[PDB]
Structures are given as structure tokens and as C-alpha cells.
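One structure is given here, and the rest of the page talks about it.
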Amino acid sequence: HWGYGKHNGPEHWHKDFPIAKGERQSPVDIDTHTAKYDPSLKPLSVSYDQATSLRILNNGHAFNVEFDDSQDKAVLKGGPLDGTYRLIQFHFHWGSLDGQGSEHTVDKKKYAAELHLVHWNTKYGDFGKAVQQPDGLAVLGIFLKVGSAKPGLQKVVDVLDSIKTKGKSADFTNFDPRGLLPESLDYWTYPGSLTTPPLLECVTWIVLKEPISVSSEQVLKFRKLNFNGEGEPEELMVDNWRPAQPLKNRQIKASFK
Ligand SMILES: CCc1cc2c(cc1OS(N)(=O)=O)CC[C@@H]1[C@@H]2CC[C@]2(C)[C@@H](OS(N)(=O)=O)CC[C@@H]12
Ligand SMILES: [Zn+2]
Ligand SMILES: [Zn+2]
């Protein structure tokens, strides 16, 4: 089964998922000097006030905080998008060291981690149908750097020991994702794909310019999670990120000067 090891990592994915070598794969390196400022781009609209988290799960790749997407309780709109996109879940990608971990890079710089808030286009009814569409998903990417602690992330960090291994899950209600956002919503945007199999090219990527800072203690608790399932040889869950892919015939647009 695909993973992030020497024998089943990103380099091996194309065998079971040919689209890994497609025309609009993600992540990609964001060259801030070649990114085009587009004055017609609109401010991003993040409406997370009625968000309803349900639980946190360790899927063997990363951990997911899921939300109730049966109503327009937490949506992303505006920016480069048309219509409404419902938040279904958020997860992270981190490294074994602070110098690596993010999937997207900025002028080749890699951050310690990357938060992905996944939303699907409401015009497609459900997430399953959305992924089969070129504009079915909108993933808000937010870089994480190590420094001061992020208060809004502590509730997440403290429950990880309860889902240490693959398959484990636990209730996780009333978590507010607004505590995970940086001050500015300035962003870069480009058409891409899921960064893990099935690697479907259904994503409008929106990557925030301003990263959030987390403490070394917080990211350390991320690295204590396991890739393996309970009762198996321990393999720490680290470096679950896919490297940058060829931009090909795409242009990264910036919402700010
Ligand atoms: C709905 C299609 C589908 C998608 C996804 C999975 C299983 C799926 O079902 S399948 N292919 O096994 O029948 C498992 C891994 C999922 C992926 C959708 C995109 C996800 C949330 C990724 O988000 S990301 N990095 O922002 O692109 C992380 C894990 C990914
Ligand atoms: Zn899996
Ligand atoms: Zn992701």
C-alpha cells in the first residue's frame, strides 16, 4: 500500500496511480518573482463561525480532523473561486526536522509543516463526486514555521496520544479552525491536484503567503504519532510530504502586490 517509505513513497506512486505524472500535479514550488499579480482576484472569504468538528483519525498517513459537511456551516468562497466550498476536514504534512515538511515551497524554501483545509464544491453534492471535477475542490494551504506556540492548535496536539497508531480515532468536538489562521489572507493560487493517491487533478489551490508559527513542543508531538498499526514494529509518522512537481503549462497567480 502506498506510503512515504523507500519502497512505497512518492517516487513509487505512478505505478498504481499513473496520473502522478500528469499535467497539473501538486505540490509545486512557488516562485514569488514569476507569480503574476492579478488585481481582479478577490479577497478570500473564510466563514468558519458555525463549524462542527466530529473527530480526529490516524489514517496511517497523517491525522484528520473531520467536520460535519451536511450543511453550509464552514465554507470558503471568493478569492479565485466561484460558488461555495464546504470544509470537510483538515490535516497536516510535517517532517522529521524543522527544515523540511511542507509540500509547497516558496522560492524553494521548505517549511516545517503545512496545514491543508479541504473544501469541496457544493454544486457537486458530495466529496466523492467533487474529486472527479476540475473545480471540485479548494484546498487552503497554510505554512507552519517553528517558533512561538499557536494557542489554537493545542487542543489538537493534546489528543494525539489517543490516536497514536494507524486506525485509531477519537471524538473531537467543538474544535474551532479559525484559531489556525494567520493575520493576513493574501494568497497565491493555481490549478493542481490531491497530493496523495489517487492524485486526482481536481484542486484549485489557495496557498496563504503568511505562515503561522507553532512551538517546537507542538510539532514534536506530531512526530510521536505512528505510521504502523497498534502491535506492530514502530515507525514514527514523519516526512509524510510529497515533493514539488513540474509546473508545466501553469501560471501561479498572486492576490497581492
Ligand atoms: C474520494 C476519493 C478518495 C480520496 C482520497 C482518499 C480515498 C478516496 O477514496 S478511494 N479512492 O479509496 O475509493 C484517501 C487519501 C485522501 C484522498 C483525498 C485527498 C486527501 C484528503 C489529501 O489531501 S490533500 N493533500 O490536500 O490533497 C490527504 C489524504 C487524501
Ligand atoms: Zn492508506
Ligand atoms: Zn494534504
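Chain lettering (A, B, ...) mirrors the order of the C-alpha cells, residue numbering begins at 1 for each chain separately, and ligand numbering begins at 1 in order of display.
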
Discussion item. Can you work out which residues are within 7 Å of ligand 1, considering only C-alpha atoms and all ligand atoms, and then hand them over as a ChimeraX atom specification?
Written reply: /A:116,118,127-128,131,139,193-198

May I have the selected residues written with N, CA and C atoms, as an mmCIF file, in the first residue's frame?
data_model
loop_
_atom_site.group_PDB
_atom_site.id
_atom_site.type_symbol
_atom_site.label_atom_id
_atom_site.label_comp_id
_atom_site.auth_asym_id
_atom_site.auth_seq_id
_atom_site.Cartn_x
_atom_site.Cartn_y
_atom_site.Cartn_z
ATOM 1 N N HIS A 116 -3.598 21.700 5.636
ATOM 2 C CA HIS A 116 -4.476 21.687 4.485
ATOM 3 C C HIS A 116 -5.919 21.634 4.963
ATOM 4 N N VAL A 118 -9.383 21.209 3.604
ATOM 5 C CA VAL A 118 -10.034 20.696 2.405
ATOM 6 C C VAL A 118 -11.508 21.033 2.285
ATOM 7 N N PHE A 127 -18.264 15.016 -1.528
ATOM 8 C CA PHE A 127 -16.831 14.985 -1.795
ATOM 9 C C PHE A 127 -16.451 13.954 -2.857
ATOM 10 N N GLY A 128 -17.101 12.794 -2.819
ATOM 11 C CA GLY A 128 -16.806 11.744 -3.780
ATOM 12 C C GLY A 128 -16.987 12.174 -5.221
ATOM 13 N N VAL A 131 -14.258 15.254 -6.373
ATOM 14 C CA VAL A 131 -12.904 14.902 -6.816
ATOM 15 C C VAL A 131 -12.803 14.503 -8.285
ATOM 16 N N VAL A 139 -8.400 23.635 -1.735
ATOM 17 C CA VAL A 139 -7.646 23.342 -0.528
ATOM 18 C C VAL A 139 -6.857 24.577 -0.144
ATOM 19 N N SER A 193 -3.677 19.300 -8.017
ATOM 20 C CA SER A 193 -4.272 18.021 -7.628
ATOM 21 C C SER A 193 -4.160 17.668 -6.148
ATOM 22 N N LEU A 194 -4.718 16.512 -5.803
ATOM 23 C CA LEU A 194 -4.562 15.983 -4.452
ATOM 24 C C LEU A 194 -3.064 15.672 -4.385
ATOM 25 N N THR A 195 -2.453 15.758 -3.206
ATOM 26 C CA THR A 195 -1.024 15.478 -3.096
ATOM 27 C C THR A 195 -0.712 14.056 -2.627
ATOM 28 N N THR A 196 -1.742 13.218 -2.561
ATOM 29 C CA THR A 196 -1.583 11.814 -2.195
ATOM 30 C C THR A 196 -2.498 11.043 -3.136
ATOM 31 N N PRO A 197 -2.256 9.736 -3.289
ATOM 32 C CA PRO A 197 -3.123 8.961 -4.176
ATOM 33 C C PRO A 197 -4.553 9.191 -3.685
ATOM 34 N N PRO A 198 -5.545 9.184 -4.589
ATOM 35 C CA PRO A 198 -5.466 8.973 -6.037
ATOM 36 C C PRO A 198 -4.868 10.098 -6.898
#

Item to complete: Could you give me, as a VMD selection string, each residue of segment 124-249 of chain A that DSSP assigns to strand (DSSP E or B) when run on this structure's backbone?
Response: chain A and resid 137 to 146 169 to 171 187 to 192 203 to 208 212 to 214 226 236

Using only C-alpha atoms and all ligand atoms, tabulate the residues of chain A lying at most 7 Å from any atom of ligand 2, each with its closest atom pair and that distance in Å to one decimal, by chain and increasing residue number, as a Markdown table.
| residue | atom | partner | partner_atom_place_in_ligand_line | distance |
| --- | --- | --- | --- | --- |
| A:1 | CA | ligand 2 | 1 (Zn) | 6.7 |
| A:2 | CA | ligand 2 | 1 (Zn) | 6.6 |
| A:59 | CA | ligand 2 | 1 (Zn) | 6.5 |
| A:60 | CA | ligand 2 | 1 (Zn) | 6.2 |
| A:61 | CA | ligand 2 | 1 (Zn) | 6.4 |

Give me the chain A side of the contact with ligand 3, cut-off 12 Å, one line per residue showing its nearest atom pair and distance in Å at one decimal, counting only C-alpha atoms and all ligand atoms, sorted by chain and residue number, as a tab-separated table.
residue	atom	partner	partner_atom_place_in_ligand_line	distance
A:26	CA	ligand 3	1 (Zn)	9.9
A:27	CA	ligand 3	1 (Zn)	9.3
A:61	CA	ligand 3	1 (Zn)	10.0
A:62	CA	ligand 3	1 (Zn)	8.8
A:63	CA	ligand 3	1 (Zn)	10.2
A:64	CA	ligand 3	1 (Zn)	9.8
A:89	CA	ligand 3	1 (Zn)	10.1
A:90	CA	ligand 3	1 (Zn)	7.9
A:91	CA	ligand 3	1 (Zn)	6.2
A:92	CA	ligand 3	1 (Zn)	6.0
A:93	CA	ligand 3	1 (Zn)	6.3
A:94	CA	ligand 3	1 (Zn)	10.0
A:101	CA	ligand 3	1 (Zn)	11.2
A:102	CA	ligand 3	1 (Zn)	9.4
A:103	CA	ligand 3	1 (Zn)	7.9
A:104	CA	ligand 3	1 (Zn)	10.0
A:113	CA	ligand 3	1 (Zn)	10.3
A:114	CA	ligand 3	1 (Zn)	7.6
A:115	CA	ligand 3	1 (Zn)	7.0
A:116	CA	ligand 3	1 (Zn)	5.1
A:117	CA	ligand 3	1 (Zn)	8.0
A:118	CA	ligand 3	1 (Zn)	8.1
A:119	CA	ligand 3	1 (Zn)	11.7
A:138	CA	ligand 3	1 (Zn)	11.5
A:139	CA	ligand 3	1 (Zn)	8.2
A:140	CA	ligand 3	1 (Zn)	9.6
A:141	CA	ligand 3	1 (Zn)	8.2
A:142	CA	ligand 3	1 (Zn)	10.4
A:143	CA	ligand 3	1 (Zn)	11.5
A:193	CA	ligand 3	1 (Zn)	10.1
A:194	CA	ligand 3	1 (Zn)	7.2
A:195	CA	ligand 3	1 (Zn)	6.0
A:196	CA	ligand 3	1 (Zn)	7.3
A:197	CA	ligand 3	1 (Zn)	10.7
A:199	CA	ligand 3	1 (Zn)	10.8
A:203	CA	ligand 3	1 (Zn)	11.3
A:205	CA	ligand 3	1 (Zn)	11.0
A:207	CA	ligand 3	1 (Zn)	11.9
A:240	CA	ligand 3	1 (Zn)	9.2
A:241	CA	ligand 3	1 (Zn)	8.0
A:242	CA	ligand 3	1 (Zn)	9.0
A:243	CA	ligand 3	1 (Zn)	11.9

Practice prompt. Grab the atom CA of residue 67 of chain A to atom CA of residue 236 of chain A distance for me, in Å with one decimal place.
Written response: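 Pair atom CA of residue 67 of chain A / atom CA of residue 236 of chain A returns 26.2 Å.
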
Practice prompt. Just list the residues in segment 4-66 of chain A DSSP gives helix (DSSP H, G or I) on the backbone, as a list in words.
Written response: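 Here is the list: residues 13, 14, 15, 18, 19, 20 and 21 of chain A.
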
Please, could you write that set of residues out with N, CA and C atoms as a PDB file, in the first residue's frame?
ATOM      1  N   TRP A  13       4.576   5.929  -6.495  1.00  0.00           N
ATOM      2  CA  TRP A  13       3.150   6.117  -6.741  1.00  0.00           C
ATOM      3  C   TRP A  13       2.622   5.994  -8.168  1.00  0.00           C
ATOM      4  N   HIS A  14       3.392   6.451  -9.148  1.00  0.00           N
ATOM      5  CA  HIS A  14       2.935   6.410 -10.529  1.00  0.00           C
ATOM      6  C   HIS A  14       2.573   5.000 -11.007  1.00  0.00           C
ATOM      7  N   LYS A  15       3.121   3.976 -10.361  1.00  0.00           N
ATOM      8  CA  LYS A  15       2.821   2.605 -10.768  1.00  0.00           C
ATOM      9  C   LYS A  15       1.348   2.235 -10.560  1.00  0.00           C
ATOM     10  N   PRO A  18      -1.057   6.289 -12.314  1.00  0.00           N
ATOM     11  CA  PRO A  18      -0.406   6.908 -13.465  1.00  0.00           C
ATOM     12  C   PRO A  18      -0.489   8.433 -13.546  1.00  0.00           C
ATOM     13  N   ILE A  19      -1.573   9.013 -13.041  1.00  0.00           N
ATOM     14  CA  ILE A  19      -1.744  10.462 -13.094  1.00  0.00           C
ATOM     15  C   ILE A  19      -0.685  11.200 -12.277  1.00  0.00           C
ATOM     16  N   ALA A  20       0.160  10.447 -11.583  1.00  0.00           N
ATOM     17  CA  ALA A  20       1.226  11.053 -10.789  1.00  0.00           C
ATOM     18  C   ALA A  20       2.172  11.832 -11.704  1.00  0.00           C
ATOM     19  N   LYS A  21       2.128  11.525 -12.999  1.00  0.00           N
ATOM     20  CA  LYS A  21       2.984  12.199 -13.977  1.00  0.00           C
ATOM     21  C   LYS A  21       2.146  13.114 -14.866  1.00  0.00           C
TER      22      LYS A  21
END

Discussion item. Set the distance at 6 Å and use only C-alpha atoms: which residues neighbour segment 41-53 of chain A once local chain neighbours fewer than 3 positions away are removed? I'd like the list as a PyMOL selection string.
Written reply: chain A and resi 38+66-68+73-80+173-175+255

Let's have the selection written as a short mmCIF file (atom, residue, chain, number, x, y, z; two decimals), in the first residue's frame, with N, CA and C atoms.
data_model
loop_
_atom_site.label_atom_id
_atom_site.label_comp_id
_atom_site.auth_asym_id
_atom_site.auth_seq_id
_atom_site.Cartn_x
_atom_site.Cartn_y
_atom_site.Cartn_z
N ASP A 38 -2.63 39.47 -9.86
CA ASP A 38 -3.87 39.62 -10.61
C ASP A 38 -4.82 40.50 -9.81
N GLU A 66 -12.13 15.75 11.17
CA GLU A 66 -13.28 15.81 10.27
C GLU A 66 -14.38 16.72 10.79
N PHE A 67 -15.13 17.28 9.85
CA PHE A 67 -16.22 18.18 10.18
C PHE A 67 -17.51 17.69 9.55
N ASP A 68 -18.62 18.22 10.04
CA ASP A 68 -19.92 17.89 9.51
C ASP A 68 -20.11 18.79 8.30
N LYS A 73 -22.04 25.02 7.02
CA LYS A 73 -21.60 25.52 8.32
C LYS A 73 -20.21 26.16 8.33
N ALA A 74 -19.33 25.68 7.46
CA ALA A 74 -17.96 26.18 7.37
C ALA A 74 -17.59 26.21 5.90
N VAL A 75 -17.61 27.40 5.30
CA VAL A 75 -17.31 27.49 3.88
C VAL A 75 -16.25 28.48 3.46
N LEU A 76 -15.69 28.22 2.29
CA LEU A 76 -14.67 29.05 1.69
C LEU A 76 -15.27 29.59 0.39
N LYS A 77 -15.19 30.90 0.19
CA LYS A 77 -15.72 31.49 -1.03
C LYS A 77 -14.89 32.72 -1.43
N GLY A 78 -15.19 33.28 -2.60
CA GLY A 78 -14.45 34.44 -3.04
C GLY A 78 -13.07 34.06 -3.52
N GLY A 79 -12.09 34.92 -3.30
CA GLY A 79 -10.76 34.62 -3.77
C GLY A 79 -10.87 34.33 -5.26
N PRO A 80 -10.28 33.22 -5.74
CA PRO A 80 -10.37 32.91 -7.16
C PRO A 80 -11.53 31.96 -7.46
N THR A 173 -14.98 17.17 19.29
CA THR A 173 -16.00 18.18 19.03
C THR A 173 -15.65 19.60 19.50
N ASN A 174 -16.38 20.56 18.92
CA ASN A 174 -16.23 21.97 19.23
C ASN A 174 -14.85 22.56 18.94
N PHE A 175 -14.09 21.93 18.03
CA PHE A 175 -12.79 22.50 17.70
C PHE A 175 -13.04 23.59 16.66
N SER A 255 -2.64 37.29 -5.25
CA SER A 255 -3.71 38.23 -4.96
C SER A 255 -3.19 39.54 -4.38
#

Worksheet item: Of the residues A:147, A:191, A:72, A:177, which is the one nearest to residue 133 of chain A, using only C-alpha atoms?
Response: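 Counting only C-alpha atoms, the residue closest to residue 133 of chain A is A:191.
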
Worksheet entry | Atom-to-atom span, atom CA of residue 204 of chain A and atom CA of residue 181 of chain A, Å | 18.8 Å

Item to complete: Can you pull out every residue within 9 Å of residue 156 of chain A, counting only C-alpha atoms, but drop anything in the same chain fewer than 4 positions away, and send it as a list in words?
Response: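 Counting only the stated atoms, we get residues 56, 65, 152, 160, 172 and 175 of chain A.
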
Just C-alpha atoms for this one: save the residues we selected as a tab-separated table (two decimals), in the first residue's frame.
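Written file, again38.tsv:
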chain	number	residue	atom	x	y	z
A	56	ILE	CA	-9.80	13.02	14.75
A	65	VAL	CA	-9.92	16.34	11.98
A	152	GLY	CA	-5.49	27.48	18.65
A	160	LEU	CA	-2.70	12.77	19.56
A	172	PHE	CA	-13.17	15.65	18.76
A	175	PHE	CA	-12.79	22.50	17.70

Skipping near chain neighbours, those fewer than 4 positions away, what residues fall within 12 Å of residue 125 of chain A using only C-alpha atoms, listed as a PDB file with C-alpha atoms, in the first residue's frame?
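Produced file around11.pdb, reproduced below:
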ATOM      1  CA  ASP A  69     -20.285  18.923   5.877  1.00  0.00           C
ATOM      2  CA  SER A  70     -24.012  18.137   5.624  1.00  0.00           C
ATOM      3  CA  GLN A  71     -24.758  21.887   5.739  1.00  0.00           C
ATOM      4  CA  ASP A  72     -23.026  25.142   4.793  1.00  0.00           C
ATOM      5  CA  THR A  84     -19.336  27.819  -2.201  1.00  0.00           C
ATOM      6  CA  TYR A  85     -16.885  25.190  -0.929  1.00  0.00           C
ATOM      7  CA  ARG A  86     -17.623  23.237   2.261  1.00  0.00           C
ATOM      8  CA  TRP A 120     -15.470  20.626  -1.844  1.00  0.00           C
ATOM      9  CA  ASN A 121     -17.657  22.448  -4.353  1.00  0.00           C
ATOM     10  CA  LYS A 129     -18.318  13.433  -6.826  1.00  0.00           C
ATOM     11  CA  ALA A 130     -16.286  16.610  -6.370  1.00  0.00           C
ATOM     12  CA  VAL A 131     -12.904  14.902  -6.816  1.00  0.00           C
ATOM     13  CA  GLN A 132     -13.938  13.849 -10.322  1.00  0.00           C
ATOM     14  CA  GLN A 133     -14.258  17.512 -11.351  1.00  0.00           C
ATOM     15  CA  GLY A 136     -14.428  20.192  -7.409  1.00  0.00           C
ATOM     16  CA  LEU A 137     -12.031  21.010  -4.574  1.00  0.00           C
TER      17      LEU A 137
END

Worksheet item: So which residues touch residue 234 of chain A within 12 Å, counting only C-alpha atoms, skipping near sequence neighbours fewer than 4 positions away, as a PyMOL selection string?
Response: chain A and resi 60+164-166+224-230+238
